[PDB]
Amino acid sequence: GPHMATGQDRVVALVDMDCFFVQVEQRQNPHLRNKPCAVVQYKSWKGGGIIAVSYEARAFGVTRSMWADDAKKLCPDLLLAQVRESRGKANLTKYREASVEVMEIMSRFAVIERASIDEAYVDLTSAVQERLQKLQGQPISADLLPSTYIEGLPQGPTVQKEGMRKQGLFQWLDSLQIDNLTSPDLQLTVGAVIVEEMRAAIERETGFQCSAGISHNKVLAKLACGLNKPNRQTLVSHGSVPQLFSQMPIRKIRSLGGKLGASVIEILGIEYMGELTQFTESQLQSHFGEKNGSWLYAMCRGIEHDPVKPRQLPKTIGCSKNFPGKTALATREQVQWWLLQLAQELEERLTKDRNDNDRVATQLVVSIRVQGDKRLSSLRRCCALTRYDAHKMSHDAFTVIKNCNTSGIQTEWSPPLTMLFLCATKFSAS
DNA sequence: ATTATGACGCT
DNA sequence: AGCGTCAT
Ligand SMILES: Nc1nc2c(ncn2[C@H]2C[C@H](O)[C@@H](COP(=O)(O)NP(=O)(O)OP(=O)(O)O)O2)c(=O)[nH]1
Ligand SMILES: [Ca+2]
Ligand SMILES: [K+]
């Protein structure tokens with residue numbers, strides 16, 4: 001009743017760049033703009049692997065993880081841009097730099113959490129309080145929300161999608177109580193005004209378009225962001241959650257797309273998020289553990305407490321390369337040469353990070369996969385990272401992995417290595 | 001032979 | 001500390 005907290009205390013947005021790597025390449029090369037196009041890494045094996053797809057190309061069925069040769073079967077006029085290669089490997093520097101552009105613009109409006117190379121959470125609670133004091137109880141015009149969808153509207157008592165969007169927005173706005181400066185729906189609406197401004201700034205100052213979700217927590221903001229891509233933003237109110245969740249497959253919610261979500265489905269015999277409401281918190285905890293159970297109990301009611309961390313920079317800086325099938329590394333010289341290539345990219349990125357961001361990594365994590373192991377990592381060993389020197393780092397990585405070499409002959413490497421991964425972690429201010 | 005990462009939980 | 005999960 002009056003004591004049942006509703007998780008409406010914060011305004012949180014999730015901003016995600018549309019087809020990011022594609023937009024980066026389309027900005028650089030105007031010939032790619034407004035075309036079916038994709039970004040690929042490598043080329044020799046089946047045309048390279050696609051990692052980003054323009055919405056025009058998505059209409060033909062082109063997806064991430066598909067081989068370019070197969071994508072061209074679906075879309076023969078598909079245009080392709082390849083990731084840069086340096087020291088024998090993919091080099092994603094261009095996209096990391098573009099990410100910094102976007103992240104710095106977002107940081108002007110509020111503290112952000114960098115969730116991935118092209119998406120960030122935004123805690124707008126305080127900014128919304130400020131804008132509400134400025135408005136002085138003035139209603140919010142639809143002209144202030146020109147790309148916003150209100151999830152679940154229109155409802156009740158009309159042919160084209162922009163007309164739909166506007167009807168829903170008008171129903172939402174006419175129902176607003178702009179008198180109460182503590183109304184959560186009003187707070188979300190003002191948050192959406194601010195996100196319109198942030199998205200306008202990103203597009204004006206970088207050329208990049210993005211989608212966004214506005215809700216009361218990170219999971220709902222993320223789900224909202226996905227509802228109307230590309231180049232649009234969606235407000236998911238607390239009140240919209242029962243209908244939204246009533247037909248939402250469990251796997252669509254961030255963190256439930258894997259084994260845990262499959263176990264929720266199998267153990268409880270349910271399919272949709274909303275079905276979780278019928279279980280007690282203790283029941284959920286008994287199946288899925290304390291933390292998961294409390295989280296599911298709150299989440300299926302639209303409530304989640306995970307804070308937006310004030311973290312604009314990545315916590316780790318890593319370099320990895322797969323050596324699949326017959327390219328696997330089977331000689332000591334091979335393993336040393338590739339460890340050195342990775343360590344050289346790592347040194348470059350670390351040196352630039354230290355100059356930009358006034359910090360130094362102190363731990364080097366070395367991960368490998370051996371042939372036949374289906375796991376991502378077959379082995380992970382750490383050592384100290386005392387100097388940004390590639391030869392040092394690569395020699396140290398070899399020292400921590402060399403006992404994995406089954407071969408008695410210290411010139412061969414068996415079983416051959418199908419992945420190498422160097423990761424700098426545990427940063428300290430410098 | 002979806003690849004190159006990046007986050008975070010568990011013990 | 002090393003491993004597993006999730007993500008994409
Ligand atoms: N190296 C690599 N990069 C990847 C991979 N997957 C994605 N990226 C890169 C390429 C992506 O551009 C970028 C951001 O990932 P998303 O947000 O998941 N996809 P996008 O922004 O393209 O589409 P949407 O409009 O649906 O948000 O990360 C991968 O497996 N490997
Ligand atoms: Ca994106
Ligand atoms: K993303």
Side-chain angles (χ1 to χ4, degrees), chain A residues 14 16-17 19-22 38-53 62-71 82-96 99 113-121 218-219 222 226 250-263 288-292 295 306-307 309 311 313-328 341-342 345-346 349 363-369 371 373-384 400-401 404 418-427:
Chain A
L14 185 273
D16 174 69
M17 312 296 306
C19 52
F20 191 46
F21 287 23
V22 163
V39 171
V40 286
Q41 43 198 10
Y42 304 120
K43 210 75 193 210
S44 293
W45 185 273
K46 304 184 165 270
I50 289 172
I51 54 171
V53 186
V62 180
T63 70
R64 176 201 171 262
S65 313
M66 148 197 309
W67 296 114
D69 287 348
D70 296 332
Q82 327 182 39
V83 176
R84 155 179 207 175
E85 271 164 71
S86 302
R87 301 168 202 96
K89 69 179 291 296
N91 173 359
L92 309 173
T93 297
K94 190 197 301 182
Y95 315 103
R96 292 192 182 94
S99 180
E113 178 181 343
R114 190 212 191 254
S116 81
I117 198 162
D118 77 327
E119 83 190 59
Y121 289 94
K218 293 167 57 169
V219 169
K222 176 63 172 178
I250 282 161
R251 67 175 177 279
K252 302 300 188 177
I253 273 56
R254 195 225 336 215
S255 88
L256 300 182
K259 289 166 154 153
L260 175 63
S263 81
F288 313 114
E290 225 146 69
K291 182 166 137 292
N292 287 329
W295 183 87
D306 187 36
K309 304 157 147 221
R311 187 188 49 84
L313 306 170
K315 287 173 136 112
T316 64
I317 294 186
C319 291
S320 69
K321 183 169 172 46
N322 288 0
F323 301 98
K326 206 165 164 301
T327 62
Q341 303 319 295
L342 282 183
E345 180 185 330
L346 187 58
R349 287 168 59 192
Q363 185 171 77
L364 180 74
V365 178
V366 189
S367 180
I368 64 186
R369 188 177 42 178
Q371 205 152 58
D373 198 338
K374 203 214 73 175
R375 302 175 295 170
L376 202 181
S377 164
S378 295
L379 179 125
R380 225 169 316 177
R381 296 279 197 269
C382 75
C383 65
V400 281
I401 71 159
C404 313
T418 54
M419 171 264 318
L420 298 177
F421 187 177
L422 299 181
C423 186
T425 74
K426 294 175 145 63
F427 284 87

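Below, chain A is the first sequence line, B the second, and so on; all start at residue 1. Just so you know, these numbers use all the heavy atoms, side chains as well, and skip hydrogens, waters and symmetry mates.
- Whole-Å rounding puts the A/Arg381 CZ to C/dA1 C1' distance at 10 Å.
- The distance from atom NZ of A/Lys374 to atom P of B/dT2 is 13 Å, rounded to the nearest whole Å.
- The side chain of A/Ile51 sits closest to B/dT3 out of B/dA4, B/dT3, C/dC6.
- Side chains of A/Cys423 and A/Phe421 form a contact here, defined as non-hydrogen atoms less than 4.5 Å apart.
- For B/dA4, the OP1/OP2 oxygens have a side-chain nitrogen or oxygen of A/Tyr42 closer than 4.0 Å.
- As a whole-Å value, the separation of A/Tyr95 OH from B/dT5 P is 12 Å.
- Looking at residues two or more places apart in sequence or on another chain, you find a side-chain contact (heavy atoms from CB on, under 4.5 Å) between A/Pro324 and A/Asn322, A/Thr327.
- Within 4.0 Å (heavy atoms only), A/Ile50 reaches no atom of the nucleic acid at all.
- Of the candidate nucleotides B/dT2, B/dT5, C/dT5, B/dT2 has the atom lying nearest to any side-chain atom of A/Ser65.
- Residue A/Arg254 places no side-chain atom within donor-acceptor reach of the base of C/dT8, judged by atom type and a 3.5 Å distance cut-off alone.
- Legend: residues meeting side-chain contact (heavy atoms from CB on, under 4.5 Å) with A/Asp16, ordered by chain and number and at least two apart, are A/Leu14, A/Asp118, A/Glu119, A/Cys225, A/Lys229.
- Rounding to whole angstrom units, CG of residue A/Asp118 and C1' of B/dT5 are separated by 13 Å.
- Contacts of A/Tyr121 classified as ring pair (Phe, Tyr, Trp, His ring centres under 6.0 Å), with partners at least two apart in sequence or in another chain: none.
- Neither OP1 nor OP2 of B/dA1 sits under 4.0 Å from any side-chain N or O of A/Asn322.
- Here, B/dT2 and C/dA7 have their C1' atoms 14 Å apart, quoted to the whole Å.
- The phosphate of B/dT5 (OP1 or OP2) has a side-chain N or O of A/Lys89 nearer than 4.0 angstrom.
- Contacts of A/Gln363 classified as side-chain contact (heavy atoms from CB on, under 4.5 Å), with partners at least two apart in sequence or in another chain: A/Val365, A/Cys382, A/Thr425, A/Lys426.
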Under the side chain to side chain contact (heavy atoms under 4.5 Å, CB included) rule, what do A/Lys89 and A/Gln341 come out as? Steps first, then yes or no, please. CA-CA 8 Å; A/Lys89 69 179 291 296; A/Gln341 303 319 295; 5.7 Å; no
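- Contacts of A/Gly258 with the nucleic acid, taken as non-hydrogen atoms under 4.0 Å apart, involve only primed sugar atoms and P, OP1 or OP2.
- Among the atoms of the strands shown, none is found under 4.0 Å from any heavy atom of A/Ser116.
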Using the rule given for side chain to side chain contact (heavy atoms under 4.5 Å, CB included), can you reason through A/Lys94 versus A/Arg84, listing the C-alpha separation, both sets of side-chain angles and the distance that settles it, and then say yes or no? CA-CA 8 Å; A/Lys94 190 197 301 182; A/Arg84 155 179 207 175; 5.9 Å; no
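- What separates CG of A/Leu420 from P of B/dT3 is a distance of 15 Å, to the nearest Å.
- One atom, CD of A/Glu345, and another, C1' of B/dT3, lie 13 Å apart when rounded to the nearest Å.
- The 5' end of DNA chain B is approached more closely, in terms of each residue's nearest nucleotide, by A/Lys326 than by the other of A/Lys326 and A/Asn91.
- Separating the NZ atom of A/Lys252 from the P atom of C/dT8 is a distance of 10 Å, rounded to the nearest angstrom.
- Residues satisfying the side-chain contact (heavy atoms from CB on, under 4.5 Å) criterion with A/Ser99, sequence neighbours excluded, are A/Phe20, A/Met103, A/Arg114, A/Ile117.
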Could you list the protein-to-nucleotides 6-10 of chain B atom pairs, N/O on both sides, closer than 3.5 Å?
{"unit_1": "B/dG6", "atom_1": "OP1", "unit_2": "A/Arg96", "atom_2": "NE", "d": "3.0"}
{"unit_1": "B/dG6", "atom_1": "OP1", "unit_2": "A/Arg96", "atom_2": "NH2", "d": "3.3"}
{"unit_1": "B/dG6", "atom_1": "OP1", "unit_2": "A/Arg349", "atom_2": "NH2", "d": "3.0"}
{"unit_1": "B/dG6", "atom_1": "OP2", "unit_2": "A/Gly318", "atom_2": "N", "d": "2.9"}
{"unit_1": "B/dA7", "atom_1": "OP1", "unit_2": "A/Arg311", "atom_2": "NH1", "d": "3.1"}
{"unit_1": "B/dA7", "atom_1": "OP1", "unit_2": "A/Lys315", "atom_2": "N", "d": "2.7"}
{"unit_1": "B/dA7", "atom_1": "OP2", "unit_2": "A/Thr316", "atom_2": "N", "d": "3.3"}
{"unit_1": "B/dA7", "atom_1": "OP2", "unit_2": "A/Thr316", "atom_2": "OG1", "d": "2.8"}
{"unit_1": "B/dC8", "atom_1": "OP1", "unit_2": "A/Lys309", "atom_2": "NZ", "d": "2.8"}
{"unit_1": "B/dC8", "atom_1": "OP2", "unit_2": "A/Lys315", "atom_2": "NZ", "d": "3.2"}

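- One atom, CZ of A/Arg369, and another, P of B/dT2, lie 10 Å apart when rounded to the nearest Å.
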